[PDB]
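*Asks:* Before anything else, here's the structure in question.
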């Protein structure tokens, strides 16, 4: 016999420059102005019904928290259960739909995000989450477009991974979606992640309840709407903002939960994991938990390092988007011999860093952090950085929540490599620096590895190839994304599949080809084409 | 600029015939006699140290439970913790060892099992677990050899799945083993599974605590010894029989647990899962749980079916190895129009079935079931089959534990398609039959799907292609391994990757290429070859 199969070749979305006079700078400016003074009312969406509840909530602009950018509402238990039921009733048909047809929807969404919807999705991310132009670009456009295209490629190619056939039998693998619904819970700090957390499972034949982050609601809903317009049928993804604990209680209580695709804090992930375990007896199948959590990421500097690359790379990793990345560098290990030079260069460039309103002033490096709870926690750390004997603020240290949740980039030196600030994830623009004796760099490599609970990202800066090989070995499990002479942030889909282990999550490497395997439960079909024969065996006669 | 990828070209191990005259029948007979009257003392093995504890245990021959085939002992907490520690101290080197070198060990073990050790491994499985010649062959030889070879192929080819590189940066994926130790817990009913449960993670750079099934100790230790002689370094796999609860308590209490590779009962799997969840805070990473559990598998018969194929296929699936397979057919759905013919044929062939001592009489179809607890459970079901109004024993129904744990093949007709016997996994040679009206075969397809909690295996017998397509759609999630005109047992590696969802497990499909992904935590390395540049962006100037 035979069969016409299919293949799909994709390229990464080019990252636009947005320079003066460039069409994208103009489109973006126009989209930003179209948002000024306007507040979108965003409903919950179950199937095609827009639903409002009485539990109304607002999203404000991080750099100008007086401006409400969106009004939305929390689904209640009753609405969440209706969304599970409606999703389930749509699942069989959607799962049965050919991968090619499903992939097509995400390819069209990708193209929409690429061209016509680009400025919009950028503007909403800038205004809603406080991202500068370029942070919104690499996120709400590039990373999200890539997720859609590359996962589409991965899922189409996956269908061609078929078992061996041996006459008189033909074997085939059917990549079923998981039976049940998936709960997708996305964080504030990347518009791309919400799209991927709900989208990748949907792509794989699942139906999803998507709880988007309150502080990214404006742009996430834009992603939702774009998926729907690209052709996503109703009840495949339910748009259901909600209280976090309520959402988790409801989904972990449904006998129909078959997965949770989560990105956020480890305690919340662990809590969901424990709830699922507590309720194991009620589920029709074992639910799959995928969890990308935070990090306490490092830039390790060897004496041979290009000092300029260390400085720019670290400034970028530590302070871009106000350090609100699970991949952001928060501990810098510098050899004594390089410290004076690196310290001076860092302080010099630090003073050139503009923090302000990213929509009005494109010269802004980064803007306010995301919200009050985060601002509060960051102040507690800045105060710790003044209060602690082992700590000395070298630069910044100020913050001001009168207009936005503004925090100055802060650089702190620790005389204690095990100081809490060297170990605990701040999610703010707060860089800790430990200066180590050149003669003790091997023990220091060991400290990088042993100091925190995390294993997300990390970089080595070294011109000495032998030290690189050596740190690569030593730090094998300190970073799931390991960078050699580059900053620890900015993973690109298909180039650096993203994730790490230890406390940093389950490391399912979104951005790579294996990620989607979490969202399929393969069925293997063997068809035998000849009659069977005696149940007995020759050796028995 | 260059990519070098390696493939490995491997074939399934030929299943030998063992007919009178053949060399394998002779080698086997010799190995069986070399075992008669002998009892191996089997120590725990930690590193290279053989350890005895005071908690001594015996393995007896299922068909002759008076013969002790092995003396072994249970590891205590103290010994299990020393095994964790020693394993951990060996892990970094082993994980660093190139996949090709690790794979080589399992390829040599495979060849050993293929030739010189074949008769031995067969004999120990026949004698220890009660398997007939051919059941031992497809298991302790073919399936185990295939696991080793194919997993080696899959791991070698996996290394060549590398990310895209774009100048000035080169990206590479490093397939790390999981950081910690893996607990492998294997069941009595396949020697191959123990090898795969401990072996596949070891292959992937993990270190393993292997708790083999008490009732398969003789052959499992033979697998262990062969891996060691094939070149497996000490402390990569620790051979540690133990009390089940104690073993689980100890491993789920270690901060170093990073995985559990389990095949067995769902309650035990769920229990382990709940323990890991309870202790989540203490683990250095989130442990990965892989669980293959049981089934309540079906043969669904459409009126168009080849009656002879139905008969021989069902006899084989239901009664081979006394029905002690998670894939064994235990519910047969027959259309009224075909019943008289199928009933007569079944009863006729049933009466031709020899149950006896598989080592002494190769005419034996199947022998005693594994042990007393299982024998006891099976009698409770035979008694249920006499006591229940909806039930009628059509054939067999007797059992005798005076010499071995012997149970006659039993065929029961249920007038109630939802009778507990149609729903609960017996793990005995007990086939239940429901006869349905031809006119109501669609509703009956739905019943097959809706009746039990399981989704492991299932078969449709139908000459009507349109009914096949239809059942395939309806039963999409009733069976992870779906057979068209063939029996529901006997998955072959690389041809039918094995496993199913619902309550039947996590469906990681051992036997396929994706299985090994559970045992690796990939690291992605990006090396940038040019200096970085200003931290600022052009659009900002």
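Protein chains in written order, with the deposited numbering: chain B, 23 to 563; chain A, 23 to 563. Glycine included, each C-beta is placed from N, C-alpha and C at the ideal position.
(1) Give a yes or no on whether 9 Å exceeds the smallest Cβ distance from residue 562(B) to chain A.
(2) Please return the same chain residues whose Cβ sits closer than 8 Å to the Cβ of residue 493(A), not counting the five positions on each side in sequence.
(3) On the criterion of 16 or more Cβ atoms from any shown chain inside 10 Å, does residue 409(A) qualify as buried, or is it exposed?
(4) Check residue 24(A) in the structure and name its three-state DSSP category.
(5) Under 9 Å, CB to CB, which of the residues in the stretch 362-373 of chain A have a partner in chain B?
(6) Taking 9 Å as the cut-off, decide whether the C-beta atoms of residue 125(A) and residue 143(A) are in contact.
(7) For the beta strand (DSSP E) that contains residue 232(A), what are its first and last residues?
(8) What is the rounded straight-line gap between the Cα of residue 131(B) and the Cα of residue 464(B)?
(9) Using a cut-off of 9 Å between C-beta atoms, extract the partners of residue 296(A) located in chain B.
(10) Span of the beta strand (DSSP E) holding residue 72(A)?
(11) With C-beta atoms as the reference, is residue 63(B) less than 9 Å away from residue 93(B)?
(12) Do three or more CB pairs link the stretch 409-420 of chain B to the stretch 432-443 of chain B at distances below 8 Å?
(13) My guess is that residue 236(A) and residue 81(A) are in contact by the Cβ rule of under 8 Å, so how many angstroms apart are they, rounded?
(14) Which one of 543(A), 536(A) and 446(A) has the shortest CA to CA distance from residue 529(B)?
(15) Output yes or no for whether 9 Å exceeds the beta carbon distance between residue 345(A) and residue 85(A).
(16) Would the stretch 515-535 of chain B and the stretch 498-516 of chain A be scored as touching if the rule is three or more Cβ pairs under 8 Å?
(17) Among the candidates 166(B), 397(B) and 220(B), whose CA atom is the shortest distance from the CA of residue 541(B)?
(18) Where does the unbroken alpha helix (DSSP H) through residue 400(B) begin, and where does it stop?
(19) Scan the stretch 524-551 of chain B for residues whose Cβ lies nearer than 8 Å to a Cβ of chain A and list them as they occur along the chain.
(20) Are the CB atoms of residue 166(B) and residue 245(B) within a distance shorter than 9 Å?
(21) Do the stretch 336-355 of chain B and the stretch 382-392 of chain B meet, that is, are 3 or more Cβ pairs less than 8 Å apart?
(22) When the Cα atoms are used, what is the spatial distance from residue 445(A) to residue 35(A)?
(23) Using a threshold of 9 Å, state whether the C-beta atoms of residue 449(A) and residue 387(A) are closer than that.
(24) Using a C-beta cutoff of 9 Å, does residue 201(A) count as contacting chain B?
(25) Going along chain A, which residues have a C-beta under 9 Å from residue 290(B)?
(26) For residue 44(A), which residues from the same chain have a beta carbon less than 8 Å from its beta carbon, with the 5 sequence-adjacent residues on both sides left out?
(27) Kindly indicate if chain B contains any beta-carbon less than 9 Å away from that of residue 330(A).
(28) Buried or exposed: where does residue 111(A) fall if 16 or more other Cβ atoms within 10 Å of its Cβ makes it buried?
(29) Between which two residues does the alpha helix (DSSP H) harbouring residue 362(B) extend?
(30) Run down chain A in chain order and give the residues with a C-beta less than 7 Å from the C-beta of residue 555(B).
(31) Determine, for residue 559(A), whether the minimum Cβ-Cβ distance to residues of chain B falls below 9 Å.
(32) So which residues on chain A does residue 185(B) lean against when the C-beta distance must stay under 8 Å?
(33) Once DSSP output is grouped into helix, strand and coil, what is the label at residue 545(B)?
(34) Whether or not the stretch 245-258 of chain B and the stretch 177-194 of chain B are in contact is what I'm after, with contact meaning three or more pairs of Cβ atoms, one per stretch, closer than 8 Å; do they touch?
(35) Along chain A, in chain order, which residues have C-beta atoms closer than 8 Å to that of residue 191(B)?
(36) Taking 8 Å as the cut-off, does the stretch 147-162 of chain A touch the stretch 211-225 of chain A (at least 3 CB pairs, one atom from each stretch)?
*Replies:* Taking the definition as stated:
(1) yes
(2) 322, 324, 467, 482 and 484
(3) exposed
(4) coil
(5) 371
(6) no
(7) 229-233
(8) 49 Å
(9) 299, 300 and 302
(10) 71-73
(11) yes
(12) yes
(13) 6 Å
(14) 543(A)
(15) no
(16) no
(17) 220(B)
(18) 394-409
(19) 524, 525, 527, 528, 529, 531, 534, 535, 536, 539, 543, 544, 545, 546, 547, 548, 549, 550 and 551
(20) yes
(21) yes
(22) 35 Å
(23) no
(24) yes
(25) Neighbours of residue 290(B) on chain A: none; closest Cβ ~12 Å, over 9 Å.
(26) 38
(27) yes
(28) exposed
(29) 361-373
(30) 334
(31) yes
(32) 516, 517, 518, 519 and 534
(33) strand
(34) no
(35) 508 and 517
(36) yes
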